[PDB]
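Peer 1: Quick one: the structure is below, and I'll ask about it shortly.
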Amino acid sequence: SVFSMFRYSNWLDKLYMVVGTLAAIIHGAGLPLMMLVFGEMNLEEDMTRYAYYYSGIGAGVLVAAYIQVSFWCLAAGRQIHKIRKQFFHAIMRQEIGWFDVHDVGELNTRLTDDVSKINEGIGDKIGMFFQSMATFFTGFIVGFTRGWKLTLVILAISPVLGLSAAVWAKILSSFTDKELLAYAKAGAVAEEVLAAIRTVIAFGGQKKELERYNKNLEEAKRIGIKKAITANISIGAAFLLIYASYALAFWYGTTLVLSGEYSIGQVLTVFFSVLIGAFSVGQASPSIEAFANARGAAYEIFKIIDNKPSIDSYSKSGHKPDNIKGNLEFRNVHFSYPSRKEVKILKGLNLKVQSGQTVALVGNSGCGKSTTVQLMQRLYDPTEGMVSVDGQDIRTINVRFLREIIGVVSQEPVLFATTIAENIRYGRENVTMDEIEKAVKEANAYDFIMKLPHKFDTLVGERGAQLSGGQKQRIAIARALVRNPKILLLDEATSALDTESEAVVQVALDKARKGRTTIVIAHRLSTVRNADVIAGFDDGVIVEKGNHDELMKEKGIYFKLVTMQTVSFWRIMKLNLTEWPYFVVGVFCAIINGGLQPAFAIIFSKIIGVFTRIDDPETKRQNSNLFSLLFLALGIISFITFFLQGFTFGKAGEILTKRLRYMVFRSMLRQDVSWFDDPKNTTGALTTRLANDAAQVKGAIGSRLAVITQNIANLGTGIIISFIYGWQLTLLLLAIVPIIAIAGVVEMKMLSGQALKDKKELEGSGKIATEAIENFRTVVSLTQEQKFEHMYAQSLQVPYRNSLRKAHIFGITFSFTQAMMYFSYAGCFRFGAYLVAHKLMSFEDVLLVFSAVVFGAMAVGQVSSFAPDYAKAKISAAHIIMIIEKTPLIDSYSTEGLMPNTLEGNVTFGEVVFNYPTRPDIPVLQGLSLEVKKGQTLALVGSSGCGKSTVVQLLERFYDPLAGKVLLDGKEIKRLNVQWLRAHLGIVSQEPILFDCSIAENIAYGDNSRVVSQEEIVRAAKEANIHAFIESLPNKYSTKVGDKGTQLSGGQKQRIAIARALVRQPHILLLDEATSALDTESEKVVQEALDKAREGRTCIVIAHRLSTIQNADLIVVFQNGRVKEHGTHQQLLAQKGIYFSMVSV
Ligand SMILES: Nc1ncnc2c1ncn2[C@@H]1O[C@H](COP(=O)(O)OP(=O)(O)OP(=O)(O)O)[C@@H](O)[C@H]1O
Ligand SMILES: Nc1ncnc2c1ncn2[C@@H]1O[C@H](COP(=O)(O)OP(=O)(O)OP(=O)(O)O)[C@@H](O)[C@H]1O
Ligand SMILES: [Mg+2]
Ligand SMILES: [Mg+2]
């Protein structure tokens, strides 16, 4: 795209752009300007006039440097902020369909890490390039007078290399787009790895994920190596061509000296102007590289942005009528998911409801009830149907007004990482704490909210990870109530709610059911006992209908179901000791590179000396041709050396960066679950941290490091040529060097300080946005997108200003340093005039030293341009090094310990007292004791949030026990090798996590370190009562499951997880609420399958069905960390304990 990074000017941006361009023009063209005056060289009088001219040019140089840097960087910051804001606004704008079809996992790394370069390369370097252009131009103008004839020759080289830059730019643009796509894929893989890090650490599947990340990284490294070798070879060949054109012009001048067309002075001035143009191109060399990278990233970003979605999330066209009744109309609604447009989910179903009438939808698993609820939500438009509310077409009314006039409760709701206060406030724009308290009371959330510390300040973990399932469901119910809408959409609202809790919630909802057009769905007949209208589900059709009495008399699906129920400075380099010889070759190439920089002056002096040595013109021409040949040979060696140097730097840097990213992933996986629990160490937080750290580390360690080393060798050899030639003059130029070096320390310190905090704010924005994308479904449900955008805008407020400040600081520093160098050059000229009057040193030697310092001058300035990159890289490398250095409490990769191959299947917990890292103030464990023998299917029961999941997690060794001892067959869990057991046992989490992979792939994840057999997968799926449905599904087992299994109905996911656990065939199984939401027939099938393999594998069972726990060998009660009763199901049944009370309710 042309101006791909600009789509709005206004007076403001238009004037900013104009002024930046004009000021840079003065800068670039100003470079060959002071050069012309130098070439133009009573002798003392002219020396003073020229030195004063040099001082004036230097003062203007400071002025222009600051003006351009600052103004163009201010405009660039405005543009970058506008780009990010528009990107996020559109990202929210898109319809659900694009998110479903596309793998949103990339955006998290692409939203941040790329956006960085999108503006970075498209701003900082840009002014330079602009200025450089004028330079060449003015430099050519310099030669226009300096032997106009010879000047036309170089003119030919201008486009000869000009078109070359454009071509290399486009090629690198394609290469960078490919690299970015690969990087986005790697980031999506890492993000998905992070979010379910729990399960991944559970199954010990670390190796496979690590290999996947290394694979994406290797592909990216190959793409980068191609691009970087290309760019370095481009530099080398360009250098060779510049030297060749110079040699041709040298032969031309040799001819012209005898030709009499021009004097030697004019030709030398033309040669100086040509070398100035050479410096301009060398400056633009990297300026064209960033231009291209940014062009590719901007193409991609705006292409993602430009999409206008059909279900617009902001349009106000839709009507929002005042008088609305609780009447809905569904007719001939036939629709299918866009993840798989073939499968028909809606078979032309039709429904009806009335305000205050609660319509219950009960059917078979996968009936599409969640689909019906989402369709009501208008999240996706139906394929065919006239779904309308209160007569008016759903598409007719305003989308925002409708969505705000609706509430929904998800089957497995996800809680953002805030405090319950903020989560609830998300329910409505304006909520009174009186409303909050009323809602919490309605949802039974007051009990736990009060009991735990931070009553409303309790910051919930990611996705509500820090609270047990019951609490999350209560909080979600409270959120929905807080919405206080005219049409509620509770769906499977009771999943783990305690019988007392479930009854209380249902009674409260009914108490307020009068005004609400709710649509209840639930698997417990108690919840649908009072359902006003009960409808069955059968292949996308509704048959059984009417009152519960009507269905019971019909002996329909409802009747059958009812009956069935019955710091970093050099350590970063130190780590890269593997690249020792690539670095060595780079160093040798750069060494000669530097010497060459100021060596050009020695060549010019020798050329003049040959021209003025002998009067005879035959010998003169012979010597001139010999000099031209020597220059061409040196140019060939130089082209070779520069490309070898560039290749060495690029390859070593890419190797280092890939190694760093891979090792960081290895450690991040090797860290502890608690470290993930760390809010600062969040999922999106971890991903963005990794991406930005690696990106900055390379961006310093990349070709820029090579250019800085070359400038250091260049300016270095420059000052060196002065010492040999001049004495008592270059000493001044060098004694001043440290003065400018002092301004660099200040700049570096200030930039590092600014960057730490600005990057912290950027990472905060990244975690916020990552959560926004990952739970985009809930956000759509709550229509809280605008608040998300505002929070992101505020996040952007910090480093927007921070970068404005850093741009001002860098501009001032650069302008002051350049002007100081120009003042030093004018002063060296003045010292030379004084010395000439003293007549102690050769005037031509002074000319050579002045020219050599001018040659090193471009090098010095550009190295001045490495300050903020170097600081950012130091900071990023510090963070990465620290992250790698950590060795966790339980190290996954550390195999030291034992290995009880003779597993006796004997579990014993004694005085097990333990608390959560986020719930240390919340005593979760009190030292309860339990014992399980071989094939003992122990079941634990207790009140909501009785820590039940905590016993399972602790058995996971996810967290060691504050007090007590958990052994295994008479062996402490700590003593044995953790990996042996972690693979050995299997568990089924209460809200299981999938991976956006084939169902076959997910299941195969059930066992790792062993190739899964399609026969084994078939057997497990059959055992799970999901083989039939999966076969009914197209793509058999290769079906690509949505994000976190976002495409399979809840029973589907739970059955798949159970199959995964059974596949592991472990001696110890853990079923946390194993029938969270499944058909009673499905529950029976699962229980029968589990029983059929009961013997030989000890089991722990958790669920909220009396029948499910009835078969449990020994039931265990939970009472505030105390086991009140422990015995048979019949023992508790005979006893009038709380088990019996709950069973009754
Ligand atoms: N996002 C999706 N993309 C594609 N197919 C989907 C998606 N969500 C669900 N499906 C398919 O549609 C079937 C029915 O949809 P849905 O999950 O809404 O039904 P349900 O009756 O609420 O489910 P259940 O009671 O099993 O949880 C699911 O079993 C799955 O096969
Ligand atoms: N990650 C966590 N960090 C801190 N505290 C936690 C965490 N997970 C759970 N807790 C605390 O421990 C309690 C017990 O939750 P857990 O899921 O372990 O048991 P549970 O009672 O079986 O769950 P449920 O509420 O689904 O019945 C939670 O209610 C909460 O107070
Ligand atoms: Mg469902
Ligand atoms: Mg639980």
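Don't overthink the numbers, they just go from 1 along the chain as shown.
According to its header, this structure was worked out by electron microscopy, 4.4 Å.
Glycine residues also receive a Cβ, built from the backbone N, Cα and C atoms like all the rest.
As listed in Swiss-Prot for this protein:
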type: BINDING; residues: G363, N364, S365, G366, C367, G368, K369, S370; note: ATP 1 binding site
type: BINDING; residues: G942, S943, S944, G945, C946, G947, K948, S949; note: ATP 2 binding site
type: DOMAIN; residues: 328-564; note: domain 'ABC transporter 1'
type: DOMAIN; residues: 583-872; note: domain 'ABC transmembrane type-1 2'
type: DOMAIN; residues: 907-1145; note: domain 'ABC transporter 2'
type: TOPO_DOM; residues: 74-122; note: topological domain 'Cytoplasmic'
type: TOPO_DOM; residues: 145-151; note: topological domain 'Extracellular'
type: TOPO_DOM; residues: 173-228; note: topological domain 'Cytoplasmic'
type: TOPO_DOM; residues: 253-266; note: topological domain 'Extracellular'
type: TOPO_DOM; residues: 605-628; note: topological domain 'Extracellular'
type: TOPO_DOM; residues: 650-704; note: topological domain 'Cytoplasmic'
type: TOPO_DOM; residues: 747-806; note: topological domain 'Cytoplasmic'
type: TOPO_DOM; residues: 830-845; note: topological domain 'Extracellular'
type: TRANSMEM; residues: 11-33; note: transmembrane segment
type: TRANSMEM; residues: 53-73; note: transmembrane segment
type: TRANSMEM; residues: 123-144; note: transmembrane segment
type: TRANSMEM; residues: 152-172; note: transmembrane segment
type: TRANSMEM; residues: 229-252; note: transmembrane segment
type: TRANSMEM; residues: 267-288; note: transmembrane segment
type: TRANSMEM; residues: 584-604; note: transmembrane segment
type: TRANSMEM; residues: 629-649; note: transmembrane segment
type: TRANSMEM; residues: 705-725; note: transmembrane segment
type: TRANSMEM; residues: 727-746; note: transmembrane segment
type: TRANSMEM; residues: 807-829; note: transmembrane segment
type: TRANSMEM; residues: 846-867; note: transmembrane segment
Peer 1: If you check the binding-site residues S365, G366, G945, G947 one by one, which have a CB less than 6 Å away from any atom of ligand 3?
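Peer 2: Listed by sequence, the hits amount to none.
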Peer 1: Tell me which residues of the chain lie with their Cβ under 8 angstroms from that of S943 (ATP 2 binding site), as long as they are six or more apart in sequence?
Peer 2: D498, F1118, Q1119
Peer 1: Do you have the Cα distance in Å for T566 and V567? The stretch of 64 residues between them isn't modelled.
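Peer 2: It comes out to 67 Å between the two Cα positions.
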Peer 1: Please check each of the binding-site residues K369, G945, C946 and report the ones with a CB atom less than 6 Å from an atom of ligand 2, ordered along the sequence.
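Peer 2: What lies within reach of ligand 2, judged by Cβ under 6 Å, is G945, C946.
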Peer 1: Please list, in sequence order, the residues in the chain of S949 (ATP 2 binding site) that are at least six apart in sequence and whose C-beta is under 8 Å away from its C-beta.
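Peer 2: Expected: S468, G469, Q990, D1072, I1102.
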Peer 1: Where the criterion is a Cβ under 6 Å from an atom of ligand 4, which of the binding-site residues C367, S370, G947, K948, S949 meet it?
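Peer 2: If the test is a Cβ under 6 Å from any atom of ligand 4, the answer is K948, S949.
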Peer 1: Does the structure show the transmembrane segment (53-73) and the transmembrane segment (807-829) touching, where I'm treating 3 or more Cβ pairs under 8 angstroms (sequence separation 6 or more) as a contact?
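Peer 2: Contact confirmed: at least 3 Cβ pairs fall under 8 Å.
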Peer 1: Taking ligand 1 as the reference, state which of the binding-site residues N364, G942, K948 have a Cβ closer than 6 Å to one of its atoms.
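Peer 2: The qualifying binding-site residues: none of them.
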Peer 1: I'd like to know which of these binding-site residues, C367, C946, is least surrounded, judged by other CB atoms within 10 A.
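Peer 2: Looking at the binding-site residues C367, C946, the Cβ with the fewest others within 10 Å is that of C946.
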Peer 1: How far is it from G363 (ATP 1 binding site) to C946 (ATP 2 binding site), counting Cα to Cα, in Å?
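Peer 2: Each residue's Cα considered, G363 (ATP 1 binding site) and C946 (ATP 2 binding site) end up 31 Å apart.
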Peer 1: Between the Cα atoms of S944 (ATP 2 binding site) and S365 (ATP 1 binding site), what distance do you get, rounded to the nearest Å?
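Peer 2: Cα-Cα, rounded: 26 Å.
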Peer 1: Could you pull out which residues elsewhere in the chain have a CB under 8 Å from any CB of the transmembrane segment (629-649), counting only those six or more residues past its ends?
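Peer 2: Hits for the transmembrane segment (629-649): 228-229, 231-233, 235-237, 239-240, 242-244, 246-247, 250, 582-583, 585-586, 589-590, 592-593, 596, 603, 702-703, 705-706, 709-710.
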Peer 1: Who are the chain neighbours of the transmembrane segment (123-144) in space, where the CB to CB distance is under 8 Å and they lie at least 6 residues beyond its ends?
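Peer 2: Those are 20-21, 24-33, 35-36, 39, 68-69, 72-73, 76-77, 79-80, 150-151, 154-155, 158, 269-270, 272-274, 276-277, 279-281, 283-284, 286-288, 290-291, 865, in sequence order.
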Peer 1: What else in the chain is close to the topological domain 'Extracellular' (145-151), if you only count residues 6 or more beyond its ends and a Cβ gap under 8 Å?
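Peer 2: Sequence-remote neighbours of the topological domain 'Extracellular' (145-151) are 39, 249, 252-253, 256, 261-262, 266-273.
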Peer 1: Residue list, the topological domain 'Extracellular' (830-845) vs rest of chain: Cβ under 8 Å, 6 or more residues beyond ends.
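Peer 2: Answer is 43-44, 47-48, 51, 605, 608, 725-729, 732.
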Peer 1: If you compare CA-to-CA distances from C946 (ATP 2 binding site) to each of the binding-site residues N364, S365, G368, which comes out shortest?
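Peer 2: The answer is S365.
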Peer 1: Measure from the CA atom of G942 (ATP 2 binding site) to the CA atom of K369 (ATP 1 binding site) and give the result in Å, rounded to a whole number.
Peer 2: 30
Peer 1: Would you mind working out the Cα-to-Cα span from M41 to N42? 30 residues missing in between, answer in Å, no decimals.
Peer 2: 12
Peer 1: Can you tell me the CA-to-CA distance separating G368 (ATP 1 binding site) and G945 (ATP 2 binding site), as a whole number of Å?
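Peer 2: Checking the Cα atoms of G368 (ATP 1 binding site) and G945 (ATP 2 binding site) gives a distance of 30 Å.
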